[PDB]
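What follows is a set of notes on a single structure, which appears directly below.
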Amino acid sequence: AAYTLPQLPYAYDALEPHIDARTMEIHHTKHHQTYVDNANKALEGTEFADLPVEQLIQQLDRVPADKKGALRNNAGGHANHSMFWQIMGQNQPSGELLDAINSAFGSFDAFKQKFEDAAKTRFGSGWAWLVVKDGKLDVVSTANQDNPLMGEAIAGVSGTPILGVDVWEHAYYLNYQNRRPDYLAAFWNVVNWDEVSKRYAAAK
Amino acid sequence: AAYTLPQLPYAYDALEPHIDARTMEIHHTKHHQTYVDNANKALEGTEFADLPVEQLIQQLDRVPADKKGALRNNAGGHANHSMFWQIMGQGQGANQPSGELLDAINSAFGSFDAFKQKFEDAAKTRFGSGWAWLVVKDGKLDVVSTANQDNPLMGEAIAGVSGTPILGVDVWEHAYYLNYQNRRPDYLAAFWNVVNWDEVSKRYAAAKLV
Ligand SMILES: [Fe+3]
Ligand SMILES: [Fe+3]
């Protein structure tokens, strides 16, 4: 009962042809639903069912030892997907965020290449992230459903994500099959930079 | 180059309807090919180019530290898929083993049906990308799983498990997504129809010879 599946900000076909509608529906109603269901099961009987998911995943070292794995995977899955839907919409940043991107990466085009590289070289399942770390932007990747908010010890990297892309094969296989780089190029067309900017201002 | 893409023992549509022809083709000519190509790149400037792949993956500590990850992933990828193609077949068998292998399964797991349950459970609980395996470990059968392209031959320190694999199923989403989408359990149930138990039994007999 802790978490519910969030509604999408747009119809399943709103991100076409960049992301197919069938993928959106399955990704949402099956994959994301499963993380919600399994996180809920894991949270029953604990003192952690009342925390927002993004706070729970920052407290994985405090949960019961036998629940840590399940919560890392499933609360991570829920946090990651919840953000993912919101940072897309039906294309460049501006204002303070663009300035930060320019400073950290040289240019928006250079940032894109770095972000794409991190996504491409992530072997197996996982995510690539733009994070705010000590007030500065960086590009990182994580395995499976790990999130940089989980911290160094668990996720391998840290910082507050403001943008992420799902590079699990489920995110792209129906439309792109093996062609992850084509998926990643097409992703830039659906990023909601207004939402990413809101998250940057917040993280700063 | 050190490695080449092996030919399949059957046509791309030979495992229909259990595994779709399109998947077989892409899995073979794109995914497996990429593992071959990238392994070949990492081996180009080394003394490891002449080893059979199954020996190379057993020697990953020996390799230069800067090549270790690349070889783990890509040599592992090549070893895994090379075995995968050989342990499936068309018009097999319900499909099940017999003889010494079946006796060993009954001994280790209680029955073939119990083994299937245990193997499906290991494959289902492998979170993210990886493989489930039937291994011979100290002369006895066990069911284990690995992450990504890790293989039990790599040893416990690298792969988290050990033993000689005699059967494995690919549970990377690319192995099943076109035909089954999220339904990994449906894929796993169909997989039993294409296992070549004659080949698995050959590998068992060899593994038990010490
Ligand atoms: Fe996903
Ligand atoms: Fe594969």
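Read the numbers this way: they start at 1 and go in the same order the structure lists the ligands and their atoms. In the text below, chain A, chain B and the rest are named by the order of the sequence lines, each starting its count at 1. All values below come from the heavy atoms of this structure, side chains included, with hydrogens, waters and symmetry mates left out.
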Result block: side-chain N/O donor-acceptor pairs under 3.5 angstrom for residues 6-16 of chain A, not counting sequence neighbours:
from, atom 1, to, atom 2, distance (Å)
A:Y10, OH, A:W85, O, 2.8
A:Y12, OH, A:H28, ND1, 2.9
A:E16, OE2, A:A21, N, 2.9

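Using a 4.0 Å cut-off between charged side-chain N and carboxylate O, A:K68 and A:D61 make no salt bridge. Classification of B:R203 and B:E199 as a salt-bridged pair holds, one side-chain N sitting under 4.0 Å from a carboxylate O.
Formation of a donor-acceptor pair under 3.5 Å by the A:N147 side chain with backbone atoms of A:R72 is not found in this model.
B:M88 pairs with exactly one of B:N193, B:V195, B:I19, B:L167 by the side chain to side chain contact (heavy atoms under 4.5 Å, CB included) rule, that one being B:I19.
The distance cut-off of 2.8 Å around the Fe ion (ligand 1) captures these protein N, O or S atoms, sorted by chain and number: A:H27 NE2, A:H81 NE2, A:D166 OD2, A:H170 NE2.
In plain terms, the two heavy atoms of B:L134 and B:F119 that are nearest each other are N-CE1, 3.8 Å.
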